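Only one chain is shown below, in structure tokens, and it's the form deposited in one PDB entry.
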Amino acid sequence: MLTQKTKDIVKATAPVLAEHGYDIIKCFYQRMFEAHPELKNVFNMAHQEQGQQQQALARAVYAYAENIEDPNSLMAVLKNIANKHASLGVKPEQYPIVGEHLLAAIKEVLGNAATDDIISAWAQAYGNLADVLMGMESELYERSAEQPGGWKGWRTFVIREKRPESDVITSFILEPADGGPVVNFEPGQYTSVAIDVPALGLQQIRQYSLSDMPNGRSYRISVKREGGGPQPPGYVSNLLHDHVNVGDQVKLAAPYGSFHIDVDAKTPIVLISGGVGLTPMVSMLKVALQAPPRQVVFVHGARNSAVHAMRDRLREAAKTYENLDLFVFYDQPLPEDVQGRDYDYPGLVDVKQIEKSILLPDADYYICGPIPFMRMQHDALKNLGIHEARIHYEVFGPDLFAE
């Protein structure tokens, strides 16, 4: 537990760590993987190769230092991290490993600036946080294990169905190879696919939102091909698209995540998604639609019809259910796409254009999609006067972003 003096050093030195983030990250991974190559099966080996994490790291040390006197705010984001670590299968015995290399890295990068006081302070902060996280991750592991259909670590699943949803998004329906029940989850939650990457000669792990409702038998994920156009292709998403088929096997983690609807609630929901960001919205849609009433506004932005996933299914849903409003935005509509017919509005999702349809009293708003899309939606919702507490978001990447 941290003395006042220790927290003050953290507050005074976080900028130094954030400034040297690139070199630290680079040194940390060089050291850790030399000591423990096997850890390369748990981390992302694309990472580009570390840029996104430097951003994450810079934001994370600042926010930590900015909230070190407020344990409640700190507990909340720790929960999101525990959930992500639980999904990856992070183990208490790995905490001393990360710690040594992180500290050895920080020390080697700061060199002369790495005083005893400073190294002592971040080392205590590493330990304080390690403790909290391990306890949270353990409690999450036990809760999955004990529930009907639950498990710890990886369970083998077989692909039963593989269906294209658009040019770029394909669904996979998964049943356990053992043939038993699967655990319940909250709409909005994710699994993690663990699979061997031939090009890498390594296992890689990626999160995917569970895109259908709980049924007790199977899970659905819906995967966007992260393809070419100067940028290198994604590892796992291309692998699922081209090389995984009906009858092949993957490993899955139990459902985790802190982004979801309260199923027992009867208050309304506004579901705002961009592109593949729709995947957890569909699960929330399908659940909320049973039980009086409940009231769902499904607001989706896509490029056009070619890349619009689940297009015919949502359209049919909007004419079968009185409690569902559908609003579709097309950013660059194809010539065969016609407004007032195949989509509602052109351009980006803009909540002002449907303001009275979305501002249901004491609603909950849920946002998923690319970061600038989420800032944009968050901002717009906040200019209508919705309380920060009523806006919920999930990042398809590290972070900690639109915090």
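Start at 1 and count along the sequence shown; that's the residue number. Only the largest set of C-alpha atoms that superpose within 1.5 Å between the two forms is called the rigid core.
If you look for the form deposited in another entry, you will not find it shown, but the lines that follow are about it.
Visitor: Can you tell which residue in 363, 27, 56, 42 has its CA shifted by 2 Å or more between this form and the one not shown when the core is superposed?
Guide: Result of the superposition: 363 is the only one at 2 Å or more.
Visitor: Taking the rigid core as the superposition reference, indicate whether the CA of residue 12 shifts 2 angstroms or more between this form and the one not shown.
Guide: No.
Visitor: Superpose the two forms on their rigid core, then report whether the C-alpha of residue 294 is displaced by 2 angstroms or more between this form and the one not shown.
Guide: Shift of 2 Å or more: yes.
Visitor: When you overlay the rigid core, is the Cα of residue 275 off by 2 Å or more between this form and the one not shown?
Guide: Where the cores coincide, residue 275 still shows a C-alpha shift between this form and the one not shown that is 2 Å or more.
Visitor: Given a change of 3 Å or more, say if the Cα atoms of residue 84 and residue 387 sit closer or farther in the other entry than in this form.
Guide: Closer is correct, given that in the other entry the C-alpha spacing of residue 84 to residue 387 is reduced by at least 3 Å.
Visitor: Between the shown chain and the other structure, the Cα gap of residue 222 to residue 328 differs by 3 Å or more. Is it closer or farther in the other entry?
Guide: Farther apart in the other entry, by 3 Å or more.
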